[PDB]
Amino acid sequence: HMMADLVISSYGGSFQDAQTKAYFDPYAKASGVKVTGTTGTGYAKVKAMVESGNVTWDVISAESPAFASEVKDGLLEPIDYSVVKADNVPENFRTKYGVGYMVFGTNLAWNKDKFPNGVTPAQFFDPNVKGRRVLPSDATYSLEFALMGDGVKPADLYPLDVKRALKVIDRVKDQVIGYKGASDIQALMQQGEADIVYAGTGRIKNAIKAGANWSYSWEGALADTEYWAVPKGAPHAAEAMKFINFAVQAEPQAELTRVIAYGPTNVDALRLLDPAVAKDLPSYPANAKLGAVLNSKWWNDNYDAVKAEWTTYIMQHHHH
């Protein structure tokens, strides 16, 4: 039998399928190493894993607030830049402990069979608008969307008014059917068991490709960066750096954006992409101006406090 030579932790579902097609399988073919994708990535699981000393993840995909909390707790190995060679990825994305490989939007989407006319962020947070709502599982993304739904202009979000954001969620808590992960949200859209959600653009667009009659907008959307990183104690840290080097190249980056509606950080992947793909990405001006970019520094400074309040809030008000 063959034990995985490289275990990569991600978010499952259609996004993990897209990473498998663009990154994992092409790396496995090129290196002759078995690449196995798994789920569960996040600060809590990376922290528990690294501190136990029983590290089974070689590479993680970390969204920027999770990446910040992981760097803060010293849970990651410094990236080997003598191995990771992608000068096409701008300097800001090439950090000490991680390489930003993707830009993704989180958007308001609605079931066209319930809302043929669409829904605005203010309507999502209006109790008079009836529909089964799904929010994200953590406070990240959720709070920014609530504030923009309450009239905070996207450019004015930070520092977040956490008390206000929670009162805004509270207005519609009785119609929220879950605080969920991405794969669970796409499943609810496809089954037609939700009416309005806030989810990654790629998840929404893949649900539509699968036949879900939904639409979405960039109003009140939040953009963020995803990083590749290596947990401290990774059994195959050198293999992990070679995978990261491979994955951040223009061709694998272009393939990812071709399969799912998330953007590359490799500026050279834009040279390889058809111009029409640009209009569905978070950086496209028409899209960017209607929402905001997640402020990783604010989350770095406030995540622990916000997380304790969010966990208390969700434990008290969850009803499904």
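When you see a residue number, it is the position in the sequence shown, counting from 1.
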Looking only at CA atoms, which has the higher mean B factor in the entry: 71-79 or 218-226?
71-79
The stretch carrying the higher mean Cα B factor in the deposited entry, 86-94 or 102-110, is 86-94
One of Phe145, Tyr179, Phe125, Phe246 has the largest Cα B-factor in the entry, namely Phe246
Select one of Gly149, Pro235, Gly202, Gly131: the residue whose C-alpha shows the highest B-factor in the crystal structure entry.
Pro235
Against its chain's modelled residues, does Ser61's Cα B factor rank lowest, middle or highest third?
lowest
Which third of the chain holds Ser52 when residues are ordered by C-alpha B factor: lowest, middle or highest?
highest
Against its chain's modelled residues, does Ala286's Cα B factor rank lowest, middle or highest third?
middle
Would the CA B-factor of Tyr158 place it in the lowest, middle or highest third of its chain?
middle
Check where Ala269 lands among this chain's C-alpha B-factors and tell me if it's the lowest, middle or highest third.
highest
